[PDB]
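To start, the structure itself, in structure tokens.
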Amino acid sequence: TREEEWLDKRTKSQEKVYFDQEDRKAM
Amino acid sequence: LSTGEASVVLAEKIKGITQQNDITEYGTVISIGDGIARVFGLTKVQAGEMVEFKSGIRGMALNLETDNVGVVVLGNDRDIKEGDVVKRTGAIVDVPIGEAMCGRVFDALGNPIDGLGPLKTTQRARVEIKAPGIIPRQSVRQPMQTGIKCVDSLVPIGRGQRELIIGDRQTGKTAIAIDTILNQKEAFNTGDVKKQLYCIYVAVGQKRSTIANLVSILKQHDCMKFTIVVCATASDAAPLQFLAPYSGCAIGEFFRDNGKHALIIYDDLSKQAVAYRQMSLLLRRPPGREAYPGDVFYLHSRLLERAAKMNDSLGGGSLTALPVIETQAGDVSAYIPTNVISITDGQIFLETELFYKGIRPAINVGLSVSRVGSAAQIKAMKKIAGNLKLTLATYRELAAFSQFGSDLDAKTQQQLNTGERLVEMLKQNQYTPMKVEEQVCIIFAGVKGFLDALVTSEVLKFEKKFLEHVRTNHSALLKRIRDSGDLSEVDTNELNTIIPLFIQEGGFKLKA
Amino acid sequence: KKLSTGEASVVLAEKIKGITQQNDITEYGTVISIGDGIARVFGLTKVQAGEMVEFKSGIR
Amino acid sequence: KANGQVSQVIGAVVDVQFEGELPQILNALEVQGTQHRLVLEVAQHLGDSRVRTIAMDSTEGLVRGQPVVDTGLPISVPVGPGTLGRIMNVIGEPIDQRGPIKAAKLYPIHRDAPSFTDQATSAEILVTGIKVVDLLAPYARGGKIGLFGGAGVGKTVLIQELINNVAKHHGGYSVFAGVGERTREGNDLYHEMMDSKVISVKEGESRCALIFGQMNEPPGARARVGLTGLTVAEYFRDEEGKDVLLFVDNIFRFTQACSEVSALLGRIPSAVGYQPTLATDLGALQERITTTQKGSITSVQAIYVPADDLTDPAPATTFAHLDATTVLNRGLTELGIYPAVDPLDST
Amino acid sequence: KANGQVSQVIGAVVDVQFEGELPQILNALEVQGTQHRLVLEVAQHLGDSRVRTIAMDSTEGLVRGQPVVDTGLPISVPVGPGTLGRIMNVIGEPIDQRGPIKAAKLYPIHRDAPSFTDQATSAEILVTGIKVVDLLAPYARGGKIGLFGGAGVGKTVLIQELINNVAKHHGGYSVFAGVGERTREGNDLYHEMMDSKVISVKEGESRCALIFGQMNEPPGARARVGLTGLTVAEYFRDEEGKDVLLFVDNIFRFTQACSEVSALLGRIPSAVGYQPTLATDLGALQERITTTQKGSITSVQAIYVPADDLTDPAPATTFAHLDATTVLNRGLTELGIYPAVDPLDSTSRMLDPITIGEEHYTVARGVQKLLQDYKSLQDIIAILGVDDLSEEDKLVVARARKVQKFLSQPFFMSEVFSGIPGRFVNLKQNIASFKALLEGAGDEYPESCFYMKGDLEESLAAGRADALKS
Amino acid sequence: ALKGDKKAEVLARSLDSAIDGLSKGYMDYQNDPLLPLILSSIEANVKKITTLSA
Amino acid sequence: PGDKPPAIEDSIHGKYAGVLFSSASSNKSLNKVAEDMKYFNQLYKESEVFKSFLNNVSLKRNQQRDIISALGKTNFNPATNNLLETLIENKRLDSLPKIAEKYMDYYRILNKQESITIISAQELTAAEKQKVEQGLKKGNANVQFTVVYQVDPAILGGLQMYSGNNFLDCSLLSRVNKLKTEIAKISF
Amino acid sequence: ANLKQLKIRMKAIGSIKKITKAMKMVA
Ligand SMILES: Nc1ncnc2c1ncn2[C@@H]1O[C@H](COP(=O)(O)OP(=O)(O)OP(=O)(O)O)[C@@H](O)[C@H]1O
Ligand SMILES: Nc1ncnc2c1ncn2[C@@H]1O[C@H](COP(=O)(O)OP(=O)(O)O)[C@@H](O)[C@H]1O
Ligand SMILES: Nc1ncnc2c1ncn2[C@@H]1O[C@H](COP(=O)(O)OP(=O)(O)O)[C@@H](O)[C@H]1O
Ligand SMILES: [Mg+2]
Ligand SMILES: [Mg+2]
Ligand SMILES: [Mg+2]
């Protein structure tokens, strides 16, 4: 029973995917 | 040596036996209960001094009061009665040490319980002795191979540090300790004294049936020849459970001061705190938080702080400690676990969820850490270990997006799959230690991404088949990695070329 | 009971001797124990609660 | 000779003043001049010829200074084939109104645990018929089993099922020990055992012994009733040598009983009020329940989780001594799943 | 001639029976007949010519009736340049095996703090080379500095960097008091200072003192060894107007050690088992560590947070005495950022627009507000994601991540772990670097380059290098 | 030796060696008959085995 | 002897016994108080009514003083009279017997005479015992002592002496065990 | 039962309910 970890992982996961694509365009 | 010459020396030795007896003060017990004996008189007695009762059982004088003396019964206190005689021996608690200790099973006091025969030893060291200073120590720069892939790769343990095996009940805490002892057996067979590691297992508050099963496994694998087992069962009095850790620790100092390498494994210390708490409460001492004594922190600190890497001036010996801690419900915020974590260098967190999800050894790499770091790993390991940590770090992040789904970038799918290969790679069965050189090859194929080709369910078996294929055909490669301890460029090209080749050779599910 | 802090050796010794000399028990007291910044003074009768007292050295 | 005299009576703890030759610890003392004979086990020597003891029966009616006789030996209960099919008391007295028990010898309930040399593995699975149990946490005959559960979760019903599936078909003898439970189950179990033909009045039958320490007994009785039944089991293990099924009802009462009397004995409370000797006292009782070269004892022990707090010291320390574990969850019962076994907690 | 004698021995507490002329409290008593020199500190007068003391060495081997000598003064330790570059014991014994310590005189470890009229407080920026520190929580030369960190968070390695960056090239002397920590770290630091030439065997050199109260020492010694190190710094302060750098290791062990014996001393346990005199015992030490007219002391003391619970009484009371605060967060370590300095919790008394330049104060708050806003977005981003956010919020999250990652700085002490050589960042380059990011100078380049960099220019150069590489 | 069959001298010698210790501050078994008795048996086996290297 | 009792203790009975011994031994007298306290011990155990009086705690101070005066105002050392008055003021009359006994212990420690007990399995012949006296005498040769005999040991032909608080083992049983253990640890 | 953990999980559910309630308004 750990929902705080669920939100934390969701935050890091989605942010990484979003900015990972932006890193390509930035380069 | 001729048989006649040895017999004469044997007879001459029996001739030279001295026995002197001096006046020893004795006192009467004012009261006796729960293993605590209040003694009248018996003055000029030293703290912690050994005393013997009428029946023949020993005792330790801990509380020296102006009125009486508080003594703890080191055994069964049924025969003790009011007014009985208590004779002081005049020597602090000690235990026998030497090489004959290997291959036997002793108790907290040091008596062998195997039933084979009496202990043939002449050296006895004090149980509690001041730890080494700052100068005698030395930087830890030698690896202590445990045989586990995840441990030897992510959490390297160097000879002379202190690693904490922390977890909940039935989380594989004992499984890790057994795998380490089994791995050191190979180094013992080969004539490499610089890598021999004597194993010491301290059992505190454990059912004898479990310890019996433990010893049988060692004999089964022939790993008991270099193992020492100290037993402090639940039926044993609390002082025995309190001294067994320090008792076995003194046995390790023998190999330490003699330039040798010894590995001591302290079982759950929470049981020691209960025995130490019980011993303190029955002495009418003021209790602290959670009913434990105030100096409970000094207990584990004094015990673990002795493990160190002696400098070359004293022989270069080392003593490695692997204390274990059992958590109630995975709560590491408790008092005892918090203290032990701050005392040791690194700690291995075991998770119950990972255990049931097939991740065995259930190791949480996110929290585990080691102060020595790459300073202990070999050249061929540091290079591959660094990239392994980064890859696993990203995989834990993308774990959430897997549920999100609905889309997956080309690279994310690779990183997601690549990490899955490593997790499936680090898994290891029970009683199956792996050689350091073999791990380098398998761990290498994982980070490079070759495991992404075959299906995950076939990665575990691929490990076995790959290693066997290497040992037979590619034997010179393993020798170079072992002797030199470095992964040269020539080995990389050869290894980098056979790993994709072998996957195509063997019959596997190539469809990712 | 266990013991009474007022049963010091100095005070009990005076009783056994039989000499009824307290050296102006009123307005004066003798320190019996000192610990953690709190010193218990025997005697010193007629002292009001929360009242200032002067020690031998001079501190209040 | 009545060398002892009641010094003070405090609940279940009674002190006795002797003139000389104090009894050893754990020795049994009998008070004189009181119906329903009271047995007192020596626990501590307070000094000045005063010894502190625990009462097995209600202490109401005792008078300070009443004489006390010293038996010189610990509580000795009858053991042998006579106890088979017979209900005994914490002090070995029969409470089934069946007559005197025919026992060859009387063994003391206080004995040291088997040594390290006399130990056997006996790694053989025990098929109980329950799929959830045999799948996740399969029981092995000759090993220790532990049933953890809260108030009204299915511990008793689970014990009854095992007795119906295992005890009946079992070949060797059996021993049932109840510690701090409702007497109704003891009566229903006894009559149910007779109806099933598992036990009968005819000599040579009833390969099972019954022991009861129901709640009606005061403190000290529920803490030593287990030793009484356990001694009956050790006899069959060593002397008879055949397999034994030692059914032990909720044992938390034992540890609780010690805590109920520890405060009276002058012991400092533990973290959450328990006695400081919980580990040692429980260990001496647990180390004796083990399989050896003479015989095997498959023990099914129930553990009551106080307030459903598995982190409590009493149940937590019990896990280390158990081989097979079956933790019962109340959440499953609410859903209607029976047996409410937690597969992720049943190790 | 010994007047006292041992009467009671339980654990680390030892009682002495005196015949006359009882020793004052805090006095040092010498027990005769012990294999090692044992010193007892008078703590309480129990009456009947009885005194309760705490043992500095292991009480094993003592005997009731053993004669005890009264020194007539508290524990006196050698002071002066002779202690520079040498390890010393709680009672002044040299445990470095380099011989006896030469001291012009002996000062007591117990003394009254300086008066209020002669406080002479002053604020002066201390360029420690760490950009995250010099920006958000600037340090003041001569003021206390607190490093709040949990178990295995990186506070020990951070102290080593401050020494490597601050201790060296310092005109004045430095003192290092390590209490309660493991001895392994002590040997490493000793060898480190020797290799780094901070300490040497040649006399007239080694402008740095080392004091160790590691775990191997028993209770009582770990609670007073800290006072020994302070006395050395006080000597270098009063006798010479030289700035002293006091590097104190984890101090929670001090309050912890007192609680280990507080029970046996007779005190009633506190809410969390600590001694009732926690505030007073800590206040007597903090008040003594301060700048005065004679000299100044820049004390860098670390506070161990057990179980990452900042509400514990011990650290809670310490916040009131500290000038600069550095709270370490465990979440950052999981992300890989080092030093894991919590930007929001960490504060500095020097963080005032009047004290420091307005530009420095502006850039500081600009980063704090940026990170605070990004934290609130984490909630909605978890369910909806960054895509569902507005263009305004996207830029906030974008720059916030780049600034957060840019805070990470590799130091020399972390090379063995990471493998990248340490780097030093100036205050001017630090403020200018973050000021540009707040304006969007680096919003174009990827956030990957703004990680473990010293200056913004280094990040831009790495960005261009990655382009030509692909 | 603990049994009969000429055990008298063993006890008689033990008494003599006992009073010697009592009269002195400590007790040493220089005159105990157990040690020479054991050595005699051991020396017999040594002589028996010590015949020649062959 | 320096008005310092043999030992110092914080116990209730120990505290009063020490102060009395020191105060008594201070001026001139120690035996006078010893006989006084000994009288209370004999009367405390012989007269039942006297025992209930001391144990009685609900009695008033003024009432206790009157009954004590009725017992006797003379033949008791002033230290004893002042001791009783102190107990009545501190309600410590119930602890009177323990104080009396404890006081005698200290006085018995000052006594030079000591009892030596010899433990032997075989019966000690008249001629043999005579030799034992010369050994014990020559051992000390500076203090008179009384010898006591007790023969019920488990050892055989062994001698074990108990002299007040010292123990010296001359038993043959100790010799047997020592050799059997060393012969086992030969480690040939 | 480790109040620190429970209070954190309560905070998480509070935010979820908040964001969950807000999404309904936009819905
Ligand atoms: N790596 C593993 N691989 C396969 N099986 C395992 C592994 N680890 C544990 N098991 C199984 O878990 C059970 C024992 O677990 P283990 O004793 O190793 O953990 P533990 O923490 O020491 O338990 P406890 O705290 O009760 O002593 C056994 O059933 C074992 O087969
Ligand atoms: N700058 C760093 N960068 C990355 N990892 C680090 C860094 N510093 C420490 N680690 C890790 O921190 C651990 C040491 O923690 P430590 O500073 O000793 O905490 P504590 O002060 O409580 O002892 C080491 O395992 C080390 O690998
Ligand atoms: N196998 C079962 N199947 C369905 N219902 C059950 C089952 N076992 C118990 N119930 C219900 O659970 C309740 C509690 O079971 P019980 O064993 O008596 O708990 P306790 O340990 O407190 O005695 C029973 O009264 C019974 O009504
Ligand atoms: Mg285990
Ligand atoms: Mg039930
Ligand atoms: Mg640290």
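Chain identifiers are assigned alphabetically (A, B, ...) following the order of the sequence lines, protein sequences preceding nucleic acid strands; residue numbering begins at 1 within each chain. Keep in mind that the numbers below use all heavy atoms, side chains included, and drop hydrogens, waters and symmetry copies.
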Does [atom1] in [X] sit with more than 12 non-hydrogen atoms of other residues, nucleotides or ligands closer than 6.0 Å?
| X | atom1 | answer |
| --- | --- | --- |
| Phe40(B) | CZ | no |
| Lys138(G) | NZ | no |
| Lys137(G) | NZ | yes |
| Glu46(G) | CD | no |
| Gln122(G) | CD | no |
| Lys45(G) | NZ | no |
| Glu123(G) | CD | no |
| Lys131(G) | NZ | no |

Give, as side chain, backbone, both or neither, the part of [X] having an atom under 4.5 angstrom from any heavy atom of chain B.
| X | value |
| --- | --- |
| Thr181(G) | neither |
| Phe188(G) | side chain |
| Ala7(G) | neither |

- prompt: Taking all non-hydrogen atoms of both residues, which atom of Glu9(G) and which atom of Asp67(B) are closest, and how far apart?
  reply: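 Nearest heavy atoms, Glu9(G) then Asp67(B): OE1-OD1, 2.7 Å.
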
At what distance, to the nearest 0.5 angstrom, does [atom1] of [X] lie from [atom2] of [Y]?
| X | Y | atom1 | atom2 | answer |
| --- | --- | --- | --- | --- |
| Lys185(G) | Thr121(B) | NZ | OG1 | 8.0 Å |
| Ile17(B) | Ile186(G) | CD1 | CD1 | 6.0 Å |
| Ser11(G) | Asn68(B) | OG | CG | 9.0 Å |
| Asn166(G) | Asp22(B) | CG | CG | 11.0 Å |

query: Which bit of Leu42(B) is near chain G, if near means a heavy-atom gap under 4.5 Å: side chain, backbone, both or neither?
result: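 Contact with chain G: none, neither part.
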
query: Where does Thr24(B) contact chain G at under 4.5 Å (heavy atoms): side chain, backbone, both or neither?
result: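 Backbone plus side chain of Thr24(B), per the 4.5 Å heavy-atom cut-off to chain G.
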
query: Heavy atoms, side chains only, cut-off 4.5 Å: are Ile8(G) and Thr66(B) in contact?
result: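 SC-SC contact between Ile8(G) and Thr66(B) ruled out.
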
Any side-chain heavy-atom pair of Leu179(G) and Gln19(B) under 4.5 Å: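 With C-beta onward as the side chain, the pair touches.
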
message: Using only atom types and a distance under 3.5 Å, with no angle test, would you say the side chain of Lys178(G) pairs donor to acceptor with the backbone of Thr18(B)?
response: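 Checked: pair present.
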
